[PDB]
Structures are given as structure tokens and as C-alpha cells.
Amino acid sequence: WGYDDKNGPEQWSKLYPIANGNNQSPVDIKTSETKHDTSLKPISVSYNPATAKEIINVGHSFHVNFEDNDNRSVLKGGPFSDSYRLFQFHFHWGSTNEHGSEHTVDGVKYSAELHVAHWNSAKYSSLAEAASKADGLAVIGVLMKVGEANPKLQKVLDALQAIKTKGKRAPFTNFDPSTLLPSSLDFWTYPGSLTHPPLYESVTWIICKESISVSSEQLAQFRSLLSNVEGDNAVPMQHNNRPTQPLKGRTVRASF
Ligand SMILES: O=C([SeH])c1ccccc1
Ligand SMILES: [Zn+2]
């Protein structure tokens, strides 16, 4: 699978029928249809920069992985009674500034999106066990609006020159990804999925109402990452955002 016209989001249903499921992501958050839920606690992140491990070119994107052997790095609060363990973050972006986010708010497309991914370590003993369970994953989504250069993005963007081609990886250490999160953690939450194969309906989405900035040049650095292996013809990673999917009667809740 990929984001080509041949192996792309429109085609994914052929090998992953769950792509047409009832809890697919991302979605368009219509603010007129959200339900304020008084029972939602604030989101609490506490991440240890020593859990930062490795940055990997996975062909369609790049992932920053964290050591997840204990609860040094955790998400709590929001709609959760369980503590969720940080295991990675990544970005989605588009071919132009005009699109690039996965989630949209009242039809508005942002330029990119940050995903900070966590697994239910109160209930399950590994990511591999949790990854397919309804309550297994918690992912913070942060819409990224084109404007001023984001200096917190800096260590991440500086590391891409070492992982230019598919399968390259490099140490990436001493980093707290809570430094990328907006000042306000007022959020929307809905039950949904991974936004690429295998599209498991295992994610409680936490979508921040506040955006973060990214420059046109910072976005170009993402699109300059290559999906080919070293030695082959260079194929830029131009986009990796899935279209929004039908809510099919799910409710998006607002903490605010
Ligand atoms: O959240 C999404 Se999209 C996801 C993809 C790979 C690993 C973890 C989460
Ligand atoms: Zn993602």
C-alpha cells in the first residue's frame, strides 16, 4: 500500500476491508454538532526525554520511536481512567500548503498534522497486543497551520538528513515531544482508527483545538524525504494524508 493513485487511500479497501468500517479516521469535526461533556478531565502528559530512541524512514513517512518498557512517558486524564504509554510520534503532510492535515475542523484543511501515539499499558503488556483492541491506542492530533517557522520542530527536521532513504534509521535521544504540543490542551475526542493500513479501529483520538505553526520551508523539508531505497531513482514523499471519512453516527465530544 502507499499514497499513489495505484496503491492509495481510494484502493486500500481491496486488501483492508476495514477501510469502509464504522470507526475510521480521520474525520471532519463540525463544531455545531460536537457535544460538550462535563465528565472529560484535562489531558495530562508527562514525558521523559531519556525515552527518546530512534528516527526511522519507513518509506511512506518517518517515525520517532521511544523506549516503551515502563511508564517514564505517559498520557493520563481526558476520557481515560487508564494511563497510556508513549511509543512514537510522526507527521502527515500534503503536496501543497492548501491541504496536508488529516483531520479538518468545519471543512478547513490545515497544512500538516502531528500524531503523538500511546498504548494502554494498564490493560495490555505490549504495543502488539494493544494495537488492535478498541481501547488499545490513544493518539493526540495537533493541526499544523502554515505561517511562522516553528523552532520546536527544529531538532526533528535537522535529523532527516541522516534518514533520507527508505529503511535508514539513526539514534534520536534526549527529546520531550510535549514541547511540540499547543499551550491550550482543550480537545475534541472520538473513537476511530489508524489513518493508514492496517487501519485498526483501536484509537481514542484527542484533537487539540489550538493549532501549532509550521513554515512553507519546514513543510518542504518533509516533502524532500525520499520513499525509494539508496541507489534507486529519487521519489520524494510529497503527501501522506488520508481524506476524511464518514462519522457513521459517532459523536465528537468537546472538553470545552
Ligand atoms: O496514529 C496513527 Se495514524 C498511527 C500510525 C502508526 C503508528 C501509530 C499510530
Ligand atoms: Zn498518523
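Both counts, for ligands and for their atoms, begin at 1 and track the order of listing. Heads up: numbering here begins at 1 and tracks the sequence. Only heavy atoms go into these numbers, but all of them, side chains included; no hydrogens, no water, no symmetry mates.
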J.: Have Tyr84 and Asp135 got a donor and an acceptor in their side chains that come within less than 3.5 Å?
T.: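 No, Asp135 and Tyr84 have no side-chain donor paired with an acceptor closer than 3.5 Å.
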J.: Please classify the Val139 to ligand 1 contact at 4.0 Å (heavy-atom distances, strictly less than): side chain, backbone, both or neither.
T.: side chain
J.: Under 4.0 Å from a heavy atom of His90: which atoms of ligand 1 are those, numbered in the order shown and with their elements?
T.: 1 (O), 2 (C), 3 (Se), 4 (C), 5 (C), 9 (C)
J.: Heavy-atom count check: over 12 atoms from other residues, nucleotides or ligands less than 6.0 Å from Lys133 NZ?
T.: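 Yes, enclosed.
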J.: To the nearest 0.1 Å, how far is atom 5 (C) of ligand 1 from its closest protein heavy atom, and which atom is that?
T.: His196 NE2, 3.5 Å
J.: Determine, using ring centers only, whether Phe175 and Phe89 are less than 6.0 Å apart.
T.: yes
J.: If I consider every N, O or S atom in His115, which one ends up closest to the Zn ion (ligand 2)? I only need its name.
T.: ND1
J.: Tell me which protein heavy atom sits closest to atom 3 (Se) of ligand 1, plus the residue, atom name and distance to 0.1 Å.
T.: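 Heavy-atom neighbour on the protein nearest atom 3 (Se) of ligand 1: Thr195 OG1, 3.1 Å.
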J.: Less than 4.0 Å between a side-chain N and a carboxylate O, is that true for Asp37 and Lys35?
T.: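 Answer for the salt bridge query: no.
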J.: Answer yes or no for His196: is there an N/O/S atom below the 2.8 Å cut-off from the Zn ion (ligand 2)?
T.: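 No, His196 does not qualify, because none of its backbone or side-chain N, O or S atoms lies under 2.8 Å.
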J.: Suppose we measure from atom 7 (C) of ligand 1 to each protein heavy atom; which comes out shortest, and what is that distance?
T.: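 Here the nearest protein heavy atom works out to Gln88 NE2, 3.6 Å.
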J.: Specify the protein heavy atom at minimum distance from atom 8 (C) of ligand 1: its residue, its atom name, and the distance to 0.1 Å.
T.: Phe87 CZ, 3.8 Å
J.: As a quick check of understanding, evaluate ring pair (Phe, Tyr, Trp, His ring centres under 6.0 Å) for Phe80 and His118, giving each step before the final call.
T.: CA-CA 12 Å; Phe80 302 121; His118 311 74; 8.5 Å; no
J.: Quick one: nearest non-hydrogen protein atom to atom 9 (C) of ligand 1, plus distance?
T.: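 Of the protein heavy atoms, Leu194 CD2, 3.5 Å lies nearest.
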J.: Among the clusters formed by ILVMFWY side chains lying less than 4.5 Å apart, do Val139 and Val74 turn up in the same one?
T.: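 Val139 does not cluster with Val74.
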J.: Ring-plane angle category for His196 and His60, please: parallel below 30°, perpendicular beyond 60°, tilted otherwise.
T.: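 Because their plane-to-plane angle is over 60°, the rings of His196 and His60 count as perpendicular.
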